[PDB]
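**Q** Numbers 9 to 321, taken from the numbering used here, label the letters of the sequence shown in order. In this text, a Cβ means the ideal position worked out from N, Cα and C, and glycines have one as well. I'd like to ask some things about the structure below.
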Amino acid sequence: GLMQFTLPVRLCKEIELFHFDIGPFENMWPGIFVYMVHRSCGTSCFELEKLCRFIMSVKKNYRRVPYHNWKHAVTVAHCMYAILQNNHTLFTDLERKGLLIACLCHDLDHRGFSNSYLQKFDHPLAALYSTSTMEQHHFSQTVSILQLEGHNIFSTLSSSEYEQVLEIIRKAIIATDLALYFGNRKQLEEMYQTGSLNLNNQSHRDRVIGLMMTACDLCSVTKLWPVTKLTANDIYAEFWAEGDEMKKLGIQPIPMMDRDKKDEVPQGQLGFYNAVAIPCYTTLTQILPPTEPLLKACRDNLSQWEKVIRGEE
Ligand SMILES: CN(C)C(=O)c1cnn(C)c1C(=O)Nc1ccn2cc(-c3cccc(F)c3)nc2n1
Ligand SMILES: [Mg+2]
Ligand SMILES: [Zn+2]
């Protein structure tokens with residue numbers, strides 16, 4: 009009740025900024041998350057003991073992979089916290105409850121492999137879930153952990169509020185399938201440009217929450233350049249391991265997954281910023297103007313990748 013989390017001064021100030029890095033002290037990440045829920049949602053949103061038990065079982069269900077790990081979960085949750093805190097009045101009580109949880113859970117039990125690799129390998133998950141294979145798994149793992157004894161952080165919601173928050177979580181997690189982002193952003197672009205975008209329309213809110221999820225999930229590209237550049241190393245460590253696994257199935261991998269083509273990374277990121285990242289943060293800033301610092305940081309990083317290509321670093 010009277011028990012607040014507090015962070016050291018530098019973290020207390022910098023955690024409010026979009027470009028905050030959660031740091032290398034793994035043991036501080038649970039407290040950072042609880043801090044964010046308490047300011048985002050309230051000290052009454054969750055029972056502390058259940059929330060702490062939930063966080064620790066979520067952590068145990070992330071694997072020791074280079075990029076899709078517990079540090080990514082907490083990093084994606086912080087980007088959502090910064091969006092929510094910069095857009096105080098736009099979101100419901102249930103949305104603030106659901107979205108930080110959705111971000112912490114969004115890659116539960118990730119193995120470091122794409123949906124395509126699972127399908128090419130003929131993994132059992134690819135027979136259970138024919139599209140958004142890993143994302144349906146992540147939602148399945150979230151419900152599993154919510155059903156463990158002492159882990160129902162939503163216990164005080166009515167039946168219909170509980171059903172609504174699990175549906176916010178399910179859609180938010182499915183929306184992190186990047187295959188779905190291209191069409192979602194295009195529809196949001198048309199709706200904003202023709203002035204049909206309506207935040208009282210639930211299917212429009214679902215789209216805007218979806219785009220928030222892509223924006224949070226890709227948030228490596230919105231950090232300060234030394235963070236962006238070092239995170240890219242972990243991202244490619246996974247891509248290249250998947251490429252090795254493609255070659256063991258007798259399949260030439262795409263260039264981004266082939267370690268033999270490491271020298272073209274700079275030109276690859278450049279393509280990714282122009283095709284995905286810039287469009288994403290551009291359309292998010294049109295809908296939610298106070299997210300502009302994500303777009304500005306993305307543009308700063310694109311210019312750094314252009315500098316790498318020119319041999320200026
Ligand atoms: C930074 N960030 C978030 C990510 O990179 C990120 C996070 N998840 N996903 C899925 C991505 C993603 O799609 N990134 C990409 C996309 C296309 N690419 C093409 C190349 C490439 C091409 C030729 C040679 C070469 F070496 C690399 N590199 C790429 N990286
Ligand atoms: Mg994912
Ligand atoms: Zn993710």
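1) Check whether the Cβ atoms of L226 and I295 lie closer than 8 Å to each other.
2) Need the endpoints of the alpha helix (DSSP H) that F190 sits in, please.
3) Quick one: what's got a C-beta closer than 7 Å to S48's C-beta in the same chain, skipping five residues either side?
4) List the whole-angstrom C-beta distance separating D266 from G251, where the pair is believed to meet the contact cut-off of C-beta under 8 Å.
5) Is it the case that the CB of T14 approaches a heavy atom of ligand 2 more closely than 7 Å?
6) Based on Cα-Cα distance, which residue from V42, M254, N69, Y75 lies nearest to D242?
7) Does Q201 pass the burial test, meaning 16 or more other C-beta atoms within 10 Å, or should it be called exposed?
8) If the criterion is Cβ atoms closer than 8 Å, does the pair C113 and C224 meet it?
9) Please state the DSSP three-state secondary structure of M44.
10) Ignoring anything shorter than 3 residues, give me the beta strand (DSSP E) runs that lie fully in the stretch 207-269, in order along the chain.
11) Any residues whose CB sits closer than 5 Å to a heavy atom of ligand 3? List them in chain order?
12) Tell me the DSSP secondary structure of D101 in three-state form.
13) If we count Cβ pairs, one from each stretch, closer than 8 Å, do we get three or more for the stretch 305-313 versus the stretch 279-290?
**A** Taking the geometry as given:
1) Contact: no.
2) First-last of the alpha helix (DSSP H) with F190: 186-201.
3) Result list for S48: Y89, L92, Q93, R104, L108, in chain order.
4) About 5 Å; that satisfies the 8 Å criterion.
5) For ligand 2, not one heavy atom lies less than 7 Å from the Cβ of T14.
6) The residue with the shortest Cα to Cα distance from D242 is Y75.
7) Exposed, because fewer than 16 other Cβ atoms sit within 10 Å of the Cβ of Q201.
8) Going by C-beta atoms, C113 is not nearer than 8 Å to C224.
9) It is helical.
10) Whole beta strand (DSSP E) segments, 3+ residues: zero.
11) That query returns the following residues: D115, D225.
12) Under the three-state reduction of DSSP output, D101 falls in the helix class.
13) By the Cβ test, the stretch 305-313 is in contact with the stretch 279-290, since at least three Cβ pairs between them sit closer than 8 Å.
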